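# Examination of the molecular architecture
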Amino acid sequence: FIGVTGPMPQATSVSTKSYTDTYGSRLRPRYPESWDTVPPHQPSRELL
Amino acid sequence: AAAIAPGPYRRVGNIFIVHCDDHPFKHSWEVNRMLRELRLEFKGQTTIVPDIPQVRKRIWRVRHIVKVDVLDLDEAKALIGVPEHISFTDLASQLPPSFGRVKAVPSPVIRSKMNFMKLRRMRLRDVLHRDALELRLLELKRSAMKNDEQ
Amino acid sequence: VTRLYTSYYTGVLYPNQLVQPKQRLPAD
Amino acid sequence: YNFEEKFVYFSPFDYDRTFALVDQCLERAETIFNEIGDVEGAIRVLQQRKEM
Amino acid sequence: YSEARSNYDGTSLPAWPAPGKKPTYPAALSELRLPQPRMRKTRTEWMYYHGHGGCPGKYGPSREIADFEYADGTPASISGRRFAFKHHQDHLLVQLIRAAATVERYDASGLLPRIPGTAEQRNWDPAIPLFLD
Amino acid sequence: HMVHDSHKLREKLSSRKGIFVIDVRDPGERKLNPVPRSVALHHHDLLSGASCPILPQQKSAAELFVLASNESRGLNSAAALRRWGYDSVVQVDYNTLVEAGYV
Amino acid sequence: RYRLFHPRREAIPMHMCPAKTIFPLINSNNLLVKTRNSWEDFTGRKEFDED
Amino acid sequence: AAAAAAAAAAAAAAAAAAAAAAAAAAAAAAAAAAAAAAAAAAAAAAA
Amino acid sequence: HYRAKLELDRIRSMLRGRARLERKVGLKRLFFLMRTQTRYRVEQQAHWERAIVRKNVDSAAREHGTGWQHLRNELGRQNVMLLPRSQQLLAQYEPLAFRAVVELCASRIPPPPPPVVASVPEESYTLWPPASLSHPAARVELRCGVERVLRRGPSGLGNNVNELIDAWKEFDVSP
Amino acid sequence: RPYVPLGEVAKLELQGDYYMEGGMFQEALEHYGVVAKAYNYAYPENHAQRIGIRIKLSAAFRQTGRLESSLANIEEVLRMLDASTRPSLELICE
Amino acid sequence: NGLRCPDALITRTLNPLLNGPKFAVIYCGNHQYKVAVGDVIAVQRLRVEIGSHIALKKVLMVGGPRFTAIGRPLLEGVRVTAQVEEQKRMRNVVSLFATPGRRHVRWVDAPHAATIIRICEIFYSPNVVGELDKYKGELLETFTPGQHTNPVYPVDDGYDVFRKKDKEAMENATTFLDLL
RNA sequence: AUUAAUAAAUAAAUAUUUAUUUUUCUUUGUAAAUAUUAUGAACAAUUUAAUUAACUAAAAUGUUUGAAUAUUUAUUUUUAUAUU
């Protein structure tokens, strides 16, 4: 599970980092916004 | 093998797809209230509801305006195309709680209050972010002053 | 009344949907 | 009623991706400074983030 | 260039059987349980069967496939109504998932009665046997 | 209803070679006098049809036994099975099963 | 006829909106949810290319 | 609002559940009398 | 009370005699005409137009031996999504195409199979890790995506699915 | 410009972004490889889309563990940004 | 490019039929348009910059003076490309809403926003599986251009005494073969 | 909605402004301040139960057989699709 609120195990590999840790919660990839592929909008709205 | 299935047994429920086929507003207000509980207000609207005693009661009450289709949990899982080992409980826990109409609130005034609180907490997120940055900067400056004094 | 959005609903046009032109570094 | 429109709020983190990128970069710079043990660098980078 | 998809993944059921083999045909008769009346499917019923939600412009390729595309392959923009339709599909999925989760949680807690129907239905319909014990 | 024990023993041994016993009893009584090779169901489930898929497909070739403490409960379970399409149904009790050795 | 007897699973087709739309990584034992919460959350059209 | 909603739900349930009432001569509802189930001349086949 | 005084005095030139000469009469007539035209457009114009289109399609079907009823039902059965306006246009301007459609409907050609439901590959159930590599389900999905990319059109990326799948190795730099 | 199914390659890029967010960095890298191939074939040299997909590919390499490859890709991205004209402020910041 | 199929005979017999002008029935803006290589249409507004070289994805039918391909519902391998000439608003439609009772009048102006598009080229590159029988759903292994795949016979039998008899030529005129 | 007149929780309807995030599968317009408030039925029966619509297109609504003809009883002929 990726979106879970709690912590995640990392004993598998120390060098492996989560995307949220690497870039933070407020930042998302620049998804290709196109008719075929529509990404989620406004993660601030998504939160609650 | 002409014998009972020799293995552990799992209970599987059902899901009702309810489609409104007659103008709900042409009936008595009790029928319309039951349809709204089923989340139906206009002809041609379809909803997916659990197979539970309350939903069965509502569908029985409004069975002359509603056409029902059944889908076992296995059938629904196949329909959506997800691995059998994943659980709808896991999917529900993963999906966000503020998706659409979070909940049927007592009145539209309370709904407006809920939206206002959503926006207020959105703003407070950034406000507290900036405040925490300020506090950490203040702590760092205090530590620097202490080191300079020492 | 109250809306359930059980059927398809067209998103309302709002000023926040303006196509914002991305900032571009000067040519000089 | 319908007063959420009087307080409609749009997050700069969402409506300006450059700001979010730079905020994350400054957070990482502050973390690196803390790991190294530097103080002046962390102070200046955090102050610049606050000013942004 | 052009596009023709019936499924999200783009896969389709084998339409043309092997040469010389008798091809499969759909059920022309309506899906009514009773043998009578023996009515053929309506055009709207055929639309439902083939995937369109009763109307050409409600579901299916005519609704999911972009109406245009730049000559160099660049796709089209995300219209507000396109995003709204995607949200509606996600809402249908969320409804299904939440209903399934509710059923599973009721089963786990033990609230799903072993009796077929509610008291009202049971005392109204003779078809339900008596479960007294 | 009640039948001799040696005949039931030999039939269960050299006829089925599987599981054909449906136990309809309260959980406390089932724990007190358990049977490992008998599948535990509820008479309401049998009558409603929740047990239809687990029950054998070959109606004619499948003969079932019902383990219950109440004769009325056993008869109700047999009626449910017959309604669902299983006429070859017999009733047994824990004493008969123990004497046979199925336990 | 206006009395059509067709399954409501047909009435609501899930063919072009499978679970992968919201759980893209579901097939790979990764339950990540990317669901468009509401029509309200629409930042507006964005160009795919600069050209 | 909770009390009003509960009362409305109870009224709807009461007015929509008991579609028909057994004849008073057979059994007086107001006198608490009730009629049991007579399955003598019944059948088991799914007719 | 607002009336389209200025808006309708402009077109007041389109009437005759008293209405065109006197402002009040012309304005009243134009207001009535606009309201009646609005009502007709919103409650009868579509019905009349689609009835005309139906009759044209029916006449074409009759000339070809069929009729509107069977033609509509068989178009639905065969899953040919041609709106009645399109059918009329094809019949009037492309008689050969309309006859081909009628022949398709008449023939015992199996109609297209219903849309398929999403299928979970066995790779999803395959355990990962078994006890640097990619999930087999993800690899299968990537292969399907690359196949769709190649089949969408005659792109110059090449038809080698394996070569495309191994693209990232092109950008990778050996240490 | 030559024809390329940019819709399909955008689907692949979105899937790669989802893999990045989900932590499936190898799968994200595999998808970004195809996306970068397509963008390189389609768009002209020193193009915004090309440099952006190279940024994403460098991020995927770094997350997977190929630090040298990620460094080389980001260096080439910076070279392309220098060569271009009026580069996007957001893109250069990223 | 051209039609393709595993059968060389069918491929070479059908390729010459595609050469020539083509028409296409396309679906766009919830409307269906029949277009040719030089036809101008007015579609509902498309967020496309003027003078843009655009392509239409979902095509319901293609055809020409010698062939016709249908989609059930859509087709593949069809390249319909046009140029966005204009982005304008068509003639205004005036809706005047009023009721004799209340002194309220509403004047709605609907200038239907539209994009005017001129089709520049239509190409088709079908992939045929094999010959398909009409009166039977089976598809033939062998394609014989010299023989009708579904022969036809006259109706008159003499049993129907009160049958509307047409002229003999029309009643029994044989048809030629359109592949030789 | 409607109780004139001693220690009884509460008139309602409409309008204006305004107020309360209480848990349960779903759903749900509750409250306060303020303004106004004759648009008016006689019997019988039963009952603690019975004139609204943004444009384009789409669109599912809809003359015989317990006789007759005949003679001094015998004869006769008793599903669909589709349209707002």
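Method of structure determination, per the deposited record: cryo-EM was used for this entry, reaching 3.5 Å resolution.

Another point: the overall build of chain F. Per the secondary structure count, chain F includes five helices and four strands. The order of α-helices and β-strands along chain F, N terminus first, is α-β-α-β-α-β-α-β-α. For chain F, the spread of C-alpha atoms along the principal axes amounts to about 30 × 30 × 20 Å. Within chain F, the proportion of its 103 residues that are buried is 46%. Partitioning the contacts of chain F with sequence separation of at least 6, the portion at a separation of at least 24 is 71%. Here chain F carries 13 positive and 11 negative side-chain charges, and the mean point of each set is 6 Å from the other.

On to the protein's contact with RNA strand L, then. Near RNA strand L you find 67 residues, and of these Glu37(B), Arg1(G), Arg50(I), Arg54(I) and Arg72(I) are the closest. Backbone atoms, meaning sugar and phosphate, make up 61% of the atoms of RNA strand L lying within 4 Å of the protein. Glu49(I) is positioned with one of its side-chain polar atoms (N or O) 3.2 Å from a phosphate oxygen of RNA strand L. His112(K) places a side-chain nitrogen or oxygen 3.0 Å from a sugar or linking oxygen of RNA strand L. It is helix α3 (residues 23–63) of chain I that contributes the most residues to the surface near RNA strand L, eight residues altogether. Grouping the constituent residues of the surface near RNA strand L by class yields 31 nonpolar, 15 polar and 21 charged.

With that out of the way, let us pick up the arrangement of the chains. Across all C-alpha pairs, the smallest distance from chain A to chain H is 25 Å, and the two are not in contact. Contact between chain H and chain I is absent, and the minimum C-alpha spacing across the pair is 34 Å.

Turning our eyes to something else, we now look at the nonpolar core. By size, the foremost hydrophobic cluster in this structure holds 41 residues, and its most contacted members are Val146(I), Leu6(J), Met20(J) and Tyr39(J). For this core, the secondary-structure elements that each account for two or more residues are α8 (136–152), α9 (161–165) and α10 (168–171) of chain I together with α1 (6–22), α2 (25–42) and α3 (48–64) of chain J. Take this core: its biggest share by element is 10 residues, from α2(J).

Now for the sheet that holds strand β2 (residues 46–50) of chain B. Taken in spatial order, the three strands line up as β2-β1-β3 (chain B) in an open sheet, and their pairing is antiparallel. In the strand order of this sheet, the two ends are held by β2 and β3 (66–72) of chain B, each with one partner. Direction aside, neighbouring strands of the sheet carry axes that sit 25 degrees apart on average. Sheet strands in contact with helix α3 (residues 80–109) of chain E are β1 (14–20) and β2 of chain B, and its direction is about 20 degrees off that of β2(B).

A cluster of basic side chains, namely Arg3(I), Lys5(I), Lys24(I), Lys28(I) and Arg103(K), defines a positive patch on the protein surface. Mapped onto the elements of the fold, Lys24(I) is located in helix α3. In this structure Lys24(I) comes out as exposed when scored by relative accessible area, which is 62%.

As a further point, take the packing of helix α4 (residues 68–78) of chain I against helix α6 (residues 95–106) of chain I. Residue and element names in this part refer to chain I. Following both chains from N to C, one finds α4 and α6 inclined at 75 degrees, their axes separated by 9 Å at the closest point. Our classification of the angle between α4 and α6 gives roughly perpendicular. Taking contact as the criterion, the partners of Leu 71, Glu 74, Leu 75 and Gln 78 in α4 are, on α6, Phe 98, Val 101, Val 102, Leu 104 and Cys 105. Its residues assigned to classes, the contact of α4 with α6 comprises seven nonpolar, one polar and one charged.

In this section: the pattern of salt bridges. Tallied over the entire structure, the rule returns 58 salt bridges over all chains. Its salt-bridge partner being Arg36(G), residue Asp90(E) comes within 2.4 Å of it at the nearest N-O pair. Note that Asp90(E) is positioned in helix α3 and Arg36(G) in the segment after α1 (8–11), a pairing that runs across two chains. Pair check on accessibility: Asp90(E) and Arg36(G) agree, each one buried.

All names here are of chain F. Bridge count between strand β3 (residues 64–67) and strand β4 (residues 89–92): four bridges; the pairing is parallel. Counterpart to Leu 67 in the pairing with β4 is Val 92. Traced from β3 through helix α4 (residues 71–84) to β4, the parallel crossover comes out right-handed.

Take unusual backbone geometry next. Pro37(E) follows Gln36(E) through a cis peptide bond whose omega is 0 degrees. Going from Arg72(K) to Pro73(K), the amide bond is cis rather than trans, its omega being 0 degrees. With respect to the helices, strands and loops of the structure, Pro73(K) is situated in the loop between β6 (68–70) and β7 (78–98). In the Ramachandran plot, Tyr5(C) falls in the positive-phi region, its phi being about 55 degrees despite a non-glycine side chain. In this structure, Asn46(J) is a non-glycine residue whose phi angle is positive, near 55 degrees. Its place among the elements puts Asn46(J) in the loop between α2 and α3. Note on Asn46(J): relative accessible area 31%, which makes it partly exposed.

A word on the packing of aromatic side chains. All chains considered together, the criterion is met by 20 aromatic pairs over all chains. Plain terms: the ring middles of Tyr14(C) and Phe10(D) are 6.5 Å apart, the flat faces sit at 45 degrees to each other, and that makes the pair tilted. Three or more aromatic residues joined by ring pairs make a cluster, and in this case those are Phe116(B), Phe3(D) and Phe7(D). Just above the ring of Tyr135(K) sits the side chain of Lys134(K); from NZ or CZ to the centre is 5.7 Å.

Residues and elements named next belong to chain F. With 12 residues, helix α1 (residues 5–16) ought to run about 16 Å at 1.5 Å a step, and its terminal C-alpha atoms sit 16 Å apart, in line with that. For α1, the elements touching its buried residues are β1 (21–23), β3, β4 and α5 (94–100). Downstream of α1 by a residue or two, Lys 17 has a phi angle that is positive, lying close to 55 degrees.

With that settled, the discussion passes to helix α2 (residues 53–61) of chain B. Within α2(B), burial applies to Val55(B), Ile59(B), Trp60(B) and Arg61(B). Here the buried face of α2(B) lies against β1, α1 (29–37), β2 and β3 of chain B, α4 (119–124) of chain E together with α1 (2–17) of chain H.

Turning to the interface of chain I and chain K, a few remarks are in order. The extent of an interface is frequently quoted as the accessible surface area lost upon association of the parts. Taken together, the contacts link 35 residues of chain I with 31 residues of chain K. Overall, the association of chain I and chain K removes approximately 2900 Å² of surface from exposure, summing both partners, and the carbon and sulfur fraction of that is 68%. Contact with chain K buries area across many residues of chain I, yet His1(I), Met81(I) and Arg108(I) alone supply 15% of it, more than any other trio. In this structure, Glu76(K) engages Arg151(I) in a salt bridge whose closest nitrogen and oxygen atoms are separated by 3.4 Å. Scanning the region where chain I abuts chain K turns up 12 residue pairs in polar contact. For the side of chain I that touches chain K, the secondary structure elements donating two or more residues are α1 (5–11), α3, α5 (84–93), α6 and α8 of chain I. Counting residues per element, the side of chain I that touches chain K draws most heavily on α6(I), at six residues. Class assignment of the residues belonging to the side of chain I that touches chain K gives a composition of 21 nonpolar, six polar and eight charged.

Here five strands make up an open sheet; going across it, the order is β1(E)-β4(K)-β7(K)-β8(K)-β3(K) and the pairing antiparallel. In this open sheet, the two strands that pair with only one neighbour each are β1 (69–70) of chain E together with β3 (40–44) of chain K. Pairing of strand β4 (residues 53–56) of chain K with β7(K) involves four bridges; the strand directions are antiparallel. The residue bridging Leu56(K) from the neighbouring strand is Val80(K), located in β7(K).

This brings us to the environment of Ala144(B). Considering the arrangement of structural elements, one finds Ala144(B) in helix α5 (residues 108–149). For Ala144(B), the contacting residues outside a window of four places in its chain are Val39(D) and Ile43(D).

Cut-offs and rules
- Residues numbered from 1 in each chain as written, not as in the entry; some residues may be left out.
- Chains lettered and ligands numbered in written order.
- Part of a larger assembly, values for the part shown.
- Heavy atoms only, no water.
- Helix = DSSP H or I, 4+ residues; strand = E, 2+ residues; numbered from the N terminus.
- Buried < 20%, exposed > 50% of the residue type's maximum accessible area, 1.4 Å probe, protein only.
- Contact = heavy atoms within 4.5 Å.
- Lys, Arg positive; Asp, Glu negative; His and termini not counted.
- Charge placed at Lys NZ, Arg CZ, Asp CG, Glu CD.
- Near = heavy atom within 4 Å.
- Polar contact = N/O pair within 3.5 Å; in protein donor to acceptor, adjacent residues only side chain to side chain.
- Nonpolar A, V, L, I, M, F, W, Y, C, P; charged D, E, K, R; others polar.
- Core = buried A, V, L, I, M, F, W, Y, C linked by side-chain atoms within 4.5 Å.
- Pairing = 2+ DSSP bridges.
- Axes fitted to C-alpha atoms, helices over the stretch in contact; angles between N-to-C directions.
- Patch = residues over 30% accessible without salt bridge, like charges linked within 9 Å, V, L, I, M, F, W, Y side chains within 5 Å.
- Areas by Shrake-Rupley, 256 points an atom, 1.4 Å probe, with all protein chains shown as cover.
- Salt bridge = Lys/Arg side-chain N within 4 Å of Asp/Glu carboxyl O.
- Parallel < 35°, antiparallel > 145°, perpendicular 65-115°, else oblique.
- Right-handed = clockwise from strand over helix to strand, strands pointing away.
- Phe/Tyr/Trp six-rings, centres within 6.5 Å; stacked < 30°, edge-to-face > 60°.
- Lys NZ or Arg CZ within 6 Å of the ring centre and 35° of its normal.
- Expected span 1.5 Å × (residues − 1).
- Buried area = accessible area lost by both parts, 1.4 Å probe.

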